[PDB]
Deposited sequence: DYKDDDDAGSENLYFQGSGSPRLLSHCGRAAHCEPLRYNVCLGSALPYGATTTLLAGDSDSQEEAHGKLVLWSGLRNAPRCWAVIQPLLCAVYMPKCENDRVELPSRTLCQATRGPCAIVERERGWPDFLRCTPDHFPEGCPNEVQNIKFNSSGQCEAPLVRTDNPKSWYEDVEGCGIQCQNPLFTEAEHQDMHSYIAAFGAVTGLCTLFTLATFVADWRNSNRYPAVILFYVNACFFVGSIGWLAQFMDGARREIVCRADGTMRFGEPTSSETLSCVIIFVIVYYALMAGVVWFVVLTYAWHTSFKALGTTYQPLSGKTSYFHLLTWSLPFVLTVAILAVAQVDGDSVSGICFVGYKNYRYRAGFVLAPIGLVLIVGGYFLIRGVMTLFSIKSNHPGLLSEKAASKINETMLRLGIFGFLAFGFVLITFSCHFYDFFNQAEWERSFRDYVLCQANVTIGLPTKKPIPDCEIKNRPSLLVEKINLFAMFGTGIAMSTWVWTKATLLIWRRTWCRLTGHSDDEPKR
């Protein structure tokens, strides 16, 4: 019962090798190959298919299928047809063909072309070619790392869009900004603990907690500069980039770093609004020793340490923690930029309106004192008010601009990341389209924009530490040195 043979005139095998494997027969036909009418032409069409040498999971199941349709066995004026299971085994791994161009009519599993349950002479042939992937991709087995319809390989950990030198330059930029920001916030923490007995008043001690946030946030940024520490945070066990964390196949070094960075930076950002409110209500009672914040201290912490906690947990719940090779940390919204609109631009924008409101309102009250009471208090007192008004002015200008910078950088990624993703996809297609049978990336993110965006981040931490850059703090450390 030969449901698997069809009448055809056997021709002599002009090629005794199919995709790098020996053939146990010596007769073929172009009957099954509807796109070619000659062995030289069918062999040429196999060169085009050879581009699928990448993405091993499809190359392993399509090799037998091709050497059974283009170079099938012919004996006694009879050609052997491929089995239907041999054809079904290619629709899954090789779903990319249907996307890029579409399968040919003679390669679709049809009963007239691929009957169910037939012997295959190619099943006895050993194909040594396992499948090599281009430079940007890397071999991996876990399905959660495969590039879109490229089953068998994922994106290498080191960002393919930037070179080794561009990675080294960015790391030096972060090592420099991270160290100064870490040392500046530490200087604020030290001056507070050195005089904690008096500094622990809350209209001012809030600065201690803001610098504490940006300090811890800087620790997560500087963690990458350890031996083999960045590879543990950004990479996976197979050698591909991290994304969609948390998972169950990788470690926790990525989600750990993210919580240190996102929670600390968001906590310090909301501390800014609490500070502006504290300044706003303290100025209303200026001129007296009355404390309007006598019973609002605990309420401040219960609101500043819980908001960033709900936000962080929400990100972990939707699993949008990604890893970047250039920055050296794990953050939210790297892969899918939409999430960075609600978990970054939304909290930052809100603290700019409410925080900026109290900031402007607080200066108005400080400006009314100079006008409502002229000549009552002068000398040092008058200088302290103007110097504080100027200190709050340069501070709001600085925060307003850094938020403008962040919104500019985010809108830049919102507008071109889709195009960036196309560029890399087309770059992966040409590599197999030109070589087997030079490429260049069309568009990539701007490193300058990334630095400008980090400048607004690190700049905020250094701006928070400038509030203790006074002559009064210098005396605090001059006293501790004497007692030593």
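*Asks:* Which parts of the deposited sequence lack C-alpha coordinates in this model? Number from residue 1, please.
*Replies:* Gaps in the modelled chain, taken against the deposited sequence, lie at 1-23, 461-468, 516-525.
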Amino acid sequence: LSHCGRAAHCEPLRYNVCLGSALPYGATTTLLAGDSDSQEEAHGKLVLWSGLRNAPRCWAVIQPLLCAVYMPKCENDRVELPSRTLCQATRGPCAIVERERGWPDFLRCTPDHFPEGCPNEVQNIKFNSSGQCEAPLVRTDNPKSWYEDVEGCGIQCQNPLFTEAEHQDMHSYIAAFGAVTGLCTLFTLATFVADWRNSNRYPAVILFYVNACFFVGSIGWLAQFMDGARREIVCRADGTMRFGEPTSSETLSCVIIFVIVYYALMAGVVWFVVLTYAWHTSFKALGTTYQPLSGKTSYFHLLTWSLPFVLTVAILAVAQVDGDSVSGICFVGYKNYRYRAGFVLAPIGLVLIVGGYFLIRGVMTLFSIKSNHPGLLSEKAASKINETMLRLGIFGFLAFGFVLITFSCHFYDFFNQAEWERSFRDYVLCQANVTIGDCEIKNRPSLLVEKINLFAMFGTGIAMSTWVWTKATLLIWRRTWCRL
From here on, numbers count along this sequence of modelled residues.
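*Asks:* Going by the mean C-alpha B-factor recorded in the entry, which is higher: 62-70 or 426-434?
*Replies:* Result: 426-434.
*Asks:* If you average the Cα B factors in the entry, which is higher, 294-302 or 274-282?
*Replies:* Result: 294-302.
*Asks:* Going by the CA temperature factor in the entry, name the top one among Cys133, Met241, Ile329, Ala399.
*Replies:* In this record, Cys133 carries the highest C-alpha B-factor of the candidates.
*Asks:* In this PDB entry, which of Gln320, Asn200, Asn159, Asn128 has the top CA B-factor?
*Replies:* The listed residue with the largest C-alpha B-factor is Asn128.
*Asks:* Just say lowest, middle or highest third for the CA B-factor of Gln39 relative to the other modelled residues in its chain.
*Replies:* Answer is highest: the recorded C-alpha B-factor places it there.
*Asks:* Ordered by C-alpha B-factor within the chain, which third holds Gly268? Give me lowest, middle or highest, please.
*Replies:* Its C-alpha B-factor belongs to the lowest third of this chain's values.
*Asks:* Is the Cα B-factor recorded for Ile405 in the lowest, middle or highest third of its chain?
*Replies:* Middle third by C-alpha B-factor.
*Asks:* Compare the C-alpha B factor of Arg108 with those of the other modelled residues in its chain, then answer lowest, middle or highest third.
*Replies:* Highest third.
*Asks:* Taking the chain's C-alpha temperature factors as the reference, tell me which third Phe208 falls into: lowest, middle or highest.
*Replies:* Lowest third of the chain for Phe208's C-alpha B-factor.
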